[PDB]
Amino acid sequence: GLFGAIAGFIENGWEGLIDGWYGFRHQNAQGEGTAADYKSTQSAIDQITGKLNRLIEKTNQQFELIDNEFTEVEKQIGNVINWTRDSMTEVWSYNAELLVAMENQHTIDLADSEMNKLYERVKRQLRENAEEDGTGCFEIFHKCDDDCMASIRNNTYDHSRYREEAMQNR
């Protein structure tokens, strides 16, 4: 992807993450735990839903028969009709192929973008109190219990509370 997170620095996805699209997995004295992120998941879902709302429809444009399957029309006009229809078939097949390829590229890049944004948002929360591993992991220097992990997820984390001990544990 363009943002190099999904199928990038994050090695692989989590099959256990059935609660959302993006989530947190932590390690502390109390053990291991997994939780989905609502905002990032919902932003991606709403954007994909928006694409589907646009594409999944046909127009109110009516077309009638201009040739005849039971009694063939005159050959010259029939050949003009077929040439025109085949030309339209070519245009629309090209349009369909390109639309889906473009949308798909954008959809994959969009998901990768949301993953990156979530990573950088957490990075900003934990300033100086943690350092980037490089696998999508943040090594935290101070002790961070389940209430501390939950504060990071819930966006209530206060870095100034732990800064002294974490900075000392550089």
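Numbering starts at 1 and follows the sequence shown.
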Which has the higher mean CA temperature factor in the PDB entry, 106-114 or 66-74? 106-114
Quick check: 79-87 versus 95-103, which has the larger average CA B-factor in the record? 95-103
Highest Cα B-factor in the PDB entry belongs to which of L52, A36, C144, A44? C144
For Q61, the third of its chain by CA B-factor is the lowest
